[PDB]
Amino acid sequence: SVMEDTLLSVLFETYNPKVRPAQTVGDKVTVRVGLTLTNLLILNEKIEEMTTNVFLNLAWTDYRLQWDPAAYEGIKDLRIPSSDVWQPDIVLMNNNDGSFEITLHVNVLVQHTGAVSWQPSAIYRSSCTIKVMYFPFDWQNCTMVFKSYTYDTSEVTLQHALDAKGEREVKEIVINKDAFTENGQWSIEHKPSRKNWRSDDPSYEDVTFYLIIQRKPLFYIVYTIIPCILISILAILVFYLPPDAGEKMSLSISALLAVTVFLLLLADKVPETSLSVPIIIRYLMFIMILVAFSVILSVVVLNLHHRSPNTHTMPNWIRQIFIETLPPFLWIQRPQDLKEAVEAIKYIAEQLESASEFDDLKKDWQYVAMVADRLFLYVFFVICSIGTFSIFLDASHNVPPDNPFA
């Protein structure tokens, strides 16, 4: 028969996959752990879970799996099913669901010197703490913690994987260009790898891989930011409509309704984490409060416009502060039967004079309203511009650090 079958029969005569390959009692099996990312599928912020398609580059040395290739027709290496050989239980301790082990269970590669290399593929759903302060113009620092579930430091010794030539250690996530599909929403800025030790327990040792991925905010800018900028532009416009036209309140509360709808429909995107408030949510709340104040001031302007001498008397201070001082600054400055017939015509003239004085005071009230809404227009324009510029400047300044801390 094939000498491969003979070699497999000889190797696994007394092999036990439940036993560590410590040649001497007390030895530690040096296990090299590396990661090869093929696709970063999604980062679900709602459940704080990142799922990736990865290859686990594992390597160790088993003294039992040794043979002389010269005595077996030049067989330098074999491909053995992964269940037939001992393997360290390198699992994802950071997994959000109950998916610790790998998925594919590919064959291991056993060489005649005893070196075993195993590269299983798996879809791993790890848990990532989401820093939501600068969402969506932000970056996330998502980790994958890999260590043997059972064997501690006294039994295995985790290390870093080697490169293709093997002369050095690679301290980063290996990305194969021929198989990597770049995610359309996240760009991998830094992908370092480091070994962490915890104090107060020397038996702990793990290898963690970091993905400092920066979100591309074009989707949220197009579908949420620009419509809200248009709505705020409308909110500013409501202090330019005449109070005579009965469309001021309709515009103001329609803007408020639009902002509320955009805030509510954003709830399925923003995570439920309560540590901080996302900067887009802060912007939406700023616009909502500004539009609410615009509604209140539009109500005030409409109330001032419809006043009359029959309802209100003009205060001295209001007139002095709104007709004299503000319009210079705002450039809004305004520019027998004959006896009975005679008595009737005189009464008509008296009524016309009274009506003229009445509408003169009414026009004074309307002019006070006009000055008030022009001042509110300038103030709201300045406040909205400054707030929007400051918020977006702070969002733009948020960049990942130049060097990771690993």
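When you see a residue number, it is the position in the sequence shown, counting from 1. So that the term is clear: the rigid core is the largest set of C-alpha atoms that superpose within 1.5 Å between two forms.
Between stretches 291-299 and 260-268, the one whose Cα atoms sit farther from the displayed model in 8 other deposited structures of this protein on average is 260-268 (core-aligned, root mean square).
For the pair 348-356 and 46-54, greater average C-alpha departure from the shown form in 8 other deposited structures of this protein after core alignment is found in 348-356. Of the other compared PDB entries of this protein that include residues on both sides, all give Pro120 atoms, none of them, and so not a third, leaving it without.
In all of the other compared structures of this protein with flanking residues present, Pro227 is modelled, so it falls below the one-third mark for missing coordinates. Gap check for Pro335 to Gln336: 10 or more deposited residues are absent from the model.
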